[PDB]
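Novice:
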Amino acid sequence: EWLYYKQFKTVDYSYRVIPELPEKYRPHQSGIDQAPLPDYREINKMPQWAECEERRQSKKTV
Amino acid sequence: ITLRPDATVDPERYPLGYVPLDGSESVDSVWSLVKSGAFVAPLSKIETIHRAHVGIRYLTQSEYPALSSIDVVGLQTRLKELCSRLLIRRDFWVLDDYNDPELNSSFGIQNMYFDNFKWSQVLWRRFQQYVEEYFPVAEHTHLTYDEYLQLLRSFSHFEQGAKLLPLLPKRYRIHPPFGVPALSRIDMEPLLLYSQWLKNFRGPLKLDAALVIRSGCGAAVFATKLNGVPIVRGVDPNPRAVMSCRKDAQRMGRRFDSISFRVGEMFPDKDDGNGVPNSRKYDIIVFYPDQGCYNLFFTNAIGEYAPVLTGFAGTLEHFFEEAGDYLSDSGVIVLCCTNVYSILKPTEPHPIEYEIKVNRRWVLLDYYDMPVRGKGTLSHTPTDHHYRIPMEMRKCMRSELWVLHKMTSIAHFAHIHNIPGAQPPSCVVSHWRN
Amino acid sequence: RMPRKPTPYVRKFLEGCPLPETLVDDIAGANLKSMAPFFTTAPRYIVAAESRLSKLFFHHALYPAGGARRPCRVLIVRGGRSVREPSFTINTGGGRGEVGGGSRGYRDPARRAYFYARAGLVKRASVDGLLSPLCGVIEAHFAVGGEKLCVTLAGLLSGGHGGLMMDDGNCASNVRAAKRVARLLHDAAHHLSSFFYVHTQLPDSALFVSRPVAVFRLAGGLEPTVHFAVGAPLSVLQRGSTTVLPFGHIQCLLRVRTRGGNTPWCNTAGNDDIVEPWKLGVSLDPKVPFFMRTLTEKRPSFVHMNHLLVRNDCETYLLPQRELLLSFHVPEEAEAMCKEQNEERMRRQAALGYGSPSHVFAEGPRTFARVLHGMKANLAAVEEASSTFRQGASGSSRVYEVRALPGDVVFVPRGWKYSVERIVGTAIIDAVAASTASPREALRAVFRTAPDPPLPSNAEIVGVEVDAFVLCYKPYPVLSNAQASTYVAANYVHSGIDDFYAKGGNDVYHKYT
Amino acid sequence: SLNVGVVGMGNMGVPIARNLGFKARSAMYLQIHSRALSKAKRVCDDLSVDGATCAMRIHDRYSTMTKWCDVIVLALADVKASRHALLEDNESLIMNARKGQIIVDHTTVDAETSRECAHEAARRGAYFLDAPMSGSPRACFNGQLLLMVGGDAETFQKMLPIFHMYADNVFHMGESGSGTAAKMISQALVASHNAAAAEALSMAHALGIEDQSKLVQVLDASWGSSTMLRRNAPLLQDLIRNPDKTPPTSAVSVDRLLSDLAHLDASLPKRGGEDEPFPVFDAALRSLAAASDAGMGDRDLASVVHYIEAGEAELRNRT
Amino acid sequence: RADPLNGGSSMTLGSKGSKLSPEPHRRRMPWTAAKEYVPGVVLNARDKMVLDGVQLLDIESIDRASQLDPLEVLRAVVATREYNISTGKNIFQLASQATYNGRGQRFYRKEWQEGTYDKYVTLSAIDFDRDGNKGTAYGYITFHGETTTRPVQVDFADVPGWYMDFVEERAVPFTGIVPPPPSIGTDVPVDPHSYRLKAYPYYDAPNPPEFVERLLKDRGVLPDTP
Amino acid sequence: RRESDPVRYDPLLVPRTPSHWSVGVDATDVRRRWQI
RNA sequence: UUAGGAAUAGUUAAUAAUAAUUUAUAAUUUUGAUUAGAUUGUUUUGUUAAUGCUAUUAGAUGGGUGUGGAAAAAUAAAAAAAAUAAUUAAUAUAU
Ligand SMILES: [Mg+2]
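For the protein sequence lines, the chains are Cp, FE, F8, FN, Cj and FW, in the order given.
All letters in the first sequence, in the order written, are residues 126 to 187 by PDB author numbering.
All letters in the second sequence, in the order written, are residues 16 to 449 by PDB author numbering.
All letters in the third sequence, in the order written, are residues 10 to 127, 157 to 182, 203 to 270, 303 to 330, 352 to 372, 387 to 398, 414 to 442, 481 to 571, 586 to 648, 670 to 726 by PDB author numbering.
All letters in the fourth sequence, in the order written, are residues 7 to 325 by PDB author numbering.
All letters in the fifth sequence, in the order written, are residues 10 to 235 by PDB author numbering.
All letters in the sixth sequence, in the order written, are residues 107 to 110, 127 to 158 by PDB author numbering.
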């Protein structure tokens, strides 16, 4: 328990949690220009098990 | 040191011969550059090369831990190789954190020794002229950072004093100019055991004319005058250490008057037969030799027509041969060692016991030992890196003290060997004869 | 106030430089404030201090603040090995409670120093003293016909491969584990005495059962653990009805000797019958007179098998038992990722045409592009200095040679190749004689810390030594583009690490929904 | 934890295994080996019918004892059996030792045997401790024995809770070979103090002191006090005042002391240059040897008061 | 103060107690009022060793490529239910599966019925939020027969570990109001055969012999030996 | 103490120094120390 | 308190005025002000025949956080800090 509480920067070892603040805490100052755009055409494709079940449905319907 | 860029690692990407720092990369990234043979010098600030100097010396001891005697000799060889690559430029006043004349702030070890207002106004210029004597700006375009740190400590010894505690009573200070090895806390205790020995054995032995060999900073010479020895004379092969020691004897009051300092290799001249200087015979000859890690290990014999030993054993046999020509009858020699010759080199036999048992020129009159109480550097050559003694080596080291007299002077010291609680050899009991 | 003695002179105000706390935080790996771009493949050395390295700092050591996607570095931690005792519940007393769980790390070190005061025999410690019976009960399991020992070695290979990369098509695992040992015995048939290295699971002799439900414990009573290891340990299925292995994440690095057809010793050698080329002028004495180099054992002569231990399914924690030299061969994916990340950051942040100077640190106004080019050039110089280029089969990659000591922790990522060699001692080469000839004739003092090698178709198994303990962990997640674009280290200075390693990577919309 | 295996069952071998079965509350595993498998089965049954808190195994060969137990403790009868079991066997404990094993020998052996055992165990990688036991069999049953352990220091510190199960006084002599010498020095002092007490009471009867009960109370407060003087004096009073009375048979005999004292002259360096660099030791040895061949070997150590002058007989005639 | 331990007694600071008054010791912190609390570390942390080998899915991720097999979805729902139940039963997890949201039934903690402790809560109203495992519960507290006059908020109603026995006679529909259960002294007459008091004021439970043996072995009075 | 005018005590409130304990330092475990 | 002595001001009072849109011949200072320099004070120190000369080391601290009764809060060998941890003694610290 004391080894867990030692790794923070408390001055009096009083079982508090004081986190370290680095110089860059935001993504825009880390070189990332803007928010990442997800590929909406790639994530809306049908998965492989769904294609296999569609093939099984087309086999069993006829 | 002026670099030759054609023999460096990468003369195309770095045509200046070194890799500048800029204070951005990690310490282990610089440590990987130094281990491959690339020179490292700071680009902007002295803090970048000061942080690279402390961390590389700490990372090297983690890779090569001092586990036995053979691991300290390898670590001292590795640290001497790596710390020579950590350079600083010759014109250190063009760097940023050398001095700030408006904020009175500066980086470096000069803030441990000097004042903020005193350094940033007047002492940055006096240190600029202090380096020019030993390392001129023409011959040197770069300085090793260990030499830059030693120049800042030697400039402190030039500006103010250097107290020898607890050897000197708090007001007698010495000024070693440069290249003269001062004493640390570990280097003091072989002289602290000797000062207590000289306080009690002066008068029962009637010691008046003391001779000190290899004085260095003169700490062994000034310790004898405190115990009451009237005539002391020191011999030092360094000429600049002789001029500084005799100037400190004038500065240290009127109780250091009969102190003399001459330049000699080990002993005085003893060349003129017509002037007869042989009438000045000393009754106590003191020797406090230095024990470096490179000098304690490579002790071996060399020479065909003049076969001589090297290292610490060769320095002892120089002291054990020519001491009879300068000693009076009923006179003793005092040897101050620190037991590192037996710790760092345990396979070789004892060099002091090799003189007594085999050569049979000296008789062991007395022997004392005392364990080491403090920590610090041991026998530090000035322009090299600092290496403090580890804990497992510090607990087994002992400050020794060897008192020997002549084989011809057995009959005078015969009643000393007859007392209870003494160790007479088998040769001095045959000469007593009740 | 404080009582101060009055002086008629001026007062000295010292601003003396202390040991920098940022320096010991960067050395101990507990900084958590360094934003460092230009991810490289050079290994990082971390000296483990007292209570300064945990999972919180080791997670930032794996994934730095610059937005990394994969822990593509070998991490050497000096003195980071931990030893755990088995824990048990107390039936007696005032109630029921479990005690015994404790770590022997950072306080009981390996290789205690032997300093004493009295060709030449010195006293040293070459093996780890805590895990020495645990290595002994593994080495005695292979002690002895020869075919039973060969199928014992083939049956104990970790995952059927044992780290070796060999092409096997249309073959099951139990036949592949025999074919690898058959290939090693066919390769090592020509030499009189050679060796090879394998990964090996813990045998049945090293694990004993305890009645209380079912508790398996190690034979030596000590467990080699890493308290700063992040993630979950690797779960190995027992085959013999598939259940979990009780200590499957703890493996061994076995050195096996082949037959075909604590006292080091030092000697000082002499010779019978331009020095400093980096210095411009000539000196009366050399500034560095002697060199110190690491002595390694002899590799036998070399188609030829790969002989590289690659763990493609787990993260490796090497705990060495002897002084080893590990030659890491870098995979193509790590250097390709570092190259594309550095070039992406260079074309994003430095859009200036840079003026094309002579070298990078030339005279001129130090703009942002010049600072970035200088940092990239220093990173390339670090990569060129600490590595070498070898040949393959056609192939060429960076090889980093790492001196690993007993008590260290060598984190190896997945996909990294490495060859293992044993360090035999320490030599001293004077710089005067080495300027005229090779350093083999310039040897002055040689300490041999390993006096090992004795001298008493296919090949026969002679003996088995445990050179290192391999702690296998589950593969750490590789971040995507959107995960690395939104990864901020300041969100992980307190918590979120067990969620980072349990779930796949981090959340893309972490803490800004 | 660590597995414990005790080898050898005799008059002093069985209470060590009984105390190891008693004190180890299912924490350390117990294995039992002996010179015969029937004796090991008998002592395992004796441990099983009186209450066993831990599991115990029976073995007939040393190979399973080496491959199963990390700590091996031997308590054998003679030096030849220990030399056969430790070194001379094909399935030896030291010649087939595992790295990290701890082999303790409680047999009273020579110094060269302990030196060879420690050297071959250090070559195999194991740790050999020699700790000869001194005490009574009932004192071993009650848990009081004297052990002089020679070997490694950290191996001695690992073996302290195991040694404290059947012995109260366990001391570390230092390097191996010095633990087996302490018993030789102790029994040599026992023989010398016994001869000194016998001659002191002979001189007390010569001087005409009738009250010996107050004489021993004086001598115990003097500088010439010893435990053997307190031990033998009421028997020596009856043996001196009644010289025709035969001495009674005791547990410790003359041959039991001479079997240990016959190790010492083989363990000592060359004495023939001066022919006697140990006067009172051989002066007690000649009295013990004169008491042995006269028919009083199995009886008490106080029987040397009738052969005080016979120890002079090999001094006047051999010179 | 209003209620001190042993009156004013200050030979030690432990003689006052671990809290000086049942009221909050400062006016600005009303959360420091003395009340019965619940070990939320063991209770709110459910066993994550039932979700291994089970692919859970996020709420926002409704894209087609991230969808799973419906058998895998069903075993994920079973594993999530087993994860929510693995520590204990909530009030909102017991009242959802009851008629009329369990209004009128008696809920109780595990330690509320052992020893000489007797206390339950007759449920009156529950406001479920969108996360149906949480919310706000109300009820009449019954402690040793005596009952509150008004419904009080059930403290720690979100922490698991609750139990109830469903009785159809106690069920109150949403049209009517849940009546307060009667005080056994005041409202209904006192009958010893129906309800008998386990504890009363100035009463303390007798010493169990195993606790006496354990304390006398810990203090050293009885010869404890291995 | 009470069993089953001097004032008798309760044997549970006043325990009777249980006999399985051992005596470490007695009044006879002293020695004389002369100093001047 | 100043070896070479002159001006000072978020200013003084009144006020149905918290939070001053007003009134006044306003306030300090040659009986020494403000500013600048030196600056913790203090029958505790030293000396002497001395109501003389000469010394001082209790302390406090309008922007770090409106928290807390009170900012005194970035570091102090005890001031033992909510179950008798220990209360025989000496080192009580190095360790
Ligand atoms: Mg007005």
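Here a beta-carbon is modelled for each residue, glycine too, at the ideal position from N, C-alpha and C.
(1) Are there 16 or more other CB atoms within 10 angstroms of the CB of residue 439 (chain FE), so buried, or fewer, so exposed?
(2) Establish whether the CB of residue 42 (chain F8) and some CB of chain Cp are separated by less than 7 Å.
(3) Assuming residue 89 (chain FE) contacts residue 618 (chain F8) under a Cβ cut-off of 8 Å, what Cβ separation, rounded to an integer in Å, is found between them?
(4) Once the 5 residues before and after residue 414 (chain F8) are set aside, which same chain residues still bring their CB inside 8 Å of it?
(5) Would you kindly report the start and end of the unbroken alpha helix (DSSP H) that includes residue 48 (chain FN)?
(6) Tell me where the beta strand (DSSP E) around residue 432 (chain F8) begins and ends.
(7) Quick check for students: name the residue ranges of the beta strand (DSSP E) that lie wholly in the region 487-558 of chain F8, counting only runs of 3 or more.
(8) Starting from the C-beta of residue 415 (chain FE), find all residues in its chain whose C-beta is less than 6 Å away, skip the five residues before and the five after it, and write them out in chain order.
(9) Just tell me which of 190 (chain FE), 43 (chain FE), 83 (chain FE), 396 (chain FE) has its CA closest to the CA of residue 639 (chain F8).
(10) Using 7 Å as the threshold, is the C-beta distance between residue 127 (chain FN) and residue 103 (chain FN) below it?
(11) Between the C-alpha atoms of residue 142 (chain FN) and residue 34 (chain FN), what's the straight-line distance to the nearest angstrom?
(12) Excluding the 5 residues preceding and the 5 following residue 77 (chain Cj) in the sequence, name in chain order all residues of the same chain whose CB lies nearer than 6 Å to its CB.
(13) Contact defined as beta carbons within less than 8 Å: I believe residue 624 (chain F8) pairs with residue 426 (chain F8). What is the distance between those atoms, to the nearest angstrom?
(14) Chain Cj partners of residue 174 (chain Cp), CB-CB under 7 Å?
(15) Hey, how far is the Cα of residue 304 (chain FN) from the Cα of residue 298 (chain FN)?
(16) So what does DSSP say about residue 255 (chain FE), is it helix, strand or coil?
(17) Just checking: is the beta-carbon of residue 104 (chain FN) within a distance shorter than 7 Å of some beta-carbon in chain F8?
(18) Under a three-way DSSP split, which group does residue 150 (chain Cp) fall into?
(19) Is the Cβ-Cβ distance between residue 234 (chain FE) and residue 198 (chain FE) less than 7 Å?
(20) State the start and end residues of the unbroken beta strand (DSSP E) segment that holds residue 37 (chain FN).
(21) Can you have a look at residue 216 (chain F8) and say buried or exposed, based on whether 16 or more other CB atoms are within 10 angstroms of its CB?
(22) List the whole-angstrom C-beta distance separating residue 56 (chain FE) from residue 64 (chain FE), where the pair is believed to meet the contact cut-off of C-beta under 8 Å.
(23) Find the residues of chain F8 that neighbour residue 127 (chain Cj), judging by a C-beta separation of less than 8 Å, and give them in chain order.
(24) If you run the structure through DSSP and keep just helix, strand and coil, what is residue 214 (chain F8)?
(25) Which two residues bound the contiguous beta strand (DSSP E) that contains residue 175 (chain FN)?
(26) Examine chain Cp for any beta-carbon lying closer than 7 Å to the beta-carbon of residue 96 (chain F8), and answer yes or no.
(27) Quick one: measure Cβ to Cβ for residue 591 (chain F8) and residue 507 (chain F8), integer angstroms, because I've assumed they're closer than 8 Å.
(28) Apply the 10 Å Cβ neighbour rule to residue 240 (chain FE) and answer buried if 16 or more other Cβ atoms are within range, or exposed otherwise.
(29) Please tell me whether residue 211 (chain FN) and residue 168 (chain FN) are closer than 7 Å, where the distance is taken between their beta carbons.
(30) Cutting at 6 Å between CB atoms, please list the residues of its own chain near residue 83 (chain FN), excluding the five before and the five after it.
(31) Quick one: list the residues of chain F8 neighbouring residue 89 (chain FE), beta-carbon separation under 7 Å, in chain order.
(32) Could you check whether the Cβ of residue 150 (chain Cp) sits closer than 7 Å to any Cβ belonging to chain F8?
(33) Residue 142 (chain Cp) touches chain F8 at which residues, Cβ-Cβ below 8 Å?
(34) Provide the residue(s) that pair with residue 35 (chain FE) in DSSP beta bridges, ordered along the chain.
(35) Nearest CA to the CA of residue 159 (chain Cj): which residue from 170 (chain Cj), 192 (chain Cj), 139 (chain Cj)?
(36) Can you confirm whether residue 133 (chain FW), when its beta carbon is compared against all beta carbons of chain Cj, has any partner nearer than 7 Å?
Specialist: According to the structure data:
(1) With 16 or more other CB atoms across the displayed protein chains lying within 10 angstroms of its CB, residue 439 (chain FE) is buried.
(2) yes
(3) About 5 Å separates the Cβ atoms of residue 89 (chain FE) and residue 618 (chain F8), confirming a contact at the 8 Å cut-off.
(4) 627, 628
(5) 43-55
(6) 430-436
(7) 493-498, 502-507
(8) 352, 354, 384
(9) 83 (chain FE)
(10) yes
(11) 26 Å
(12) 64
(13) 7 Å
(14) 78
(15) 8 Å
(16) The answer is helix: DSSP assigns residue 255 (chain FE) an H, G or I state.
(17) Output row for residue 104 (chain FN): interface = yes.
(18) coil
(19) yes
(20) 36-39
(21) It counts as buried.
(22) 7 Å
(23) In chain order: nothing, as chain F8 lies at least about 25 Å away.
(24) coil
(25) 175-180
(26) no
(27) Beta-carbon to beta-carbon, residue 591 (chain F8) and residue 507 (chain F8) are separated by about 6 Å, close enough to satisfy the 8 Å threshold.
(28) That one is buried.
(29) Between residue 211 (chain FN) and residue 168 (chain FN), the C-beta gap is not smaller than 7 Å, which leaves the two residues out of contact.
(30) 16
(31) 432, 618
(32) yes
(33) 707
(34) 56 (chain FE)
(35) 192 (chain Cj)
(36) It does not: the Cβ of residue 133 (chain FW) has no partner Cβ on chain Cj nearer than 7 Å.
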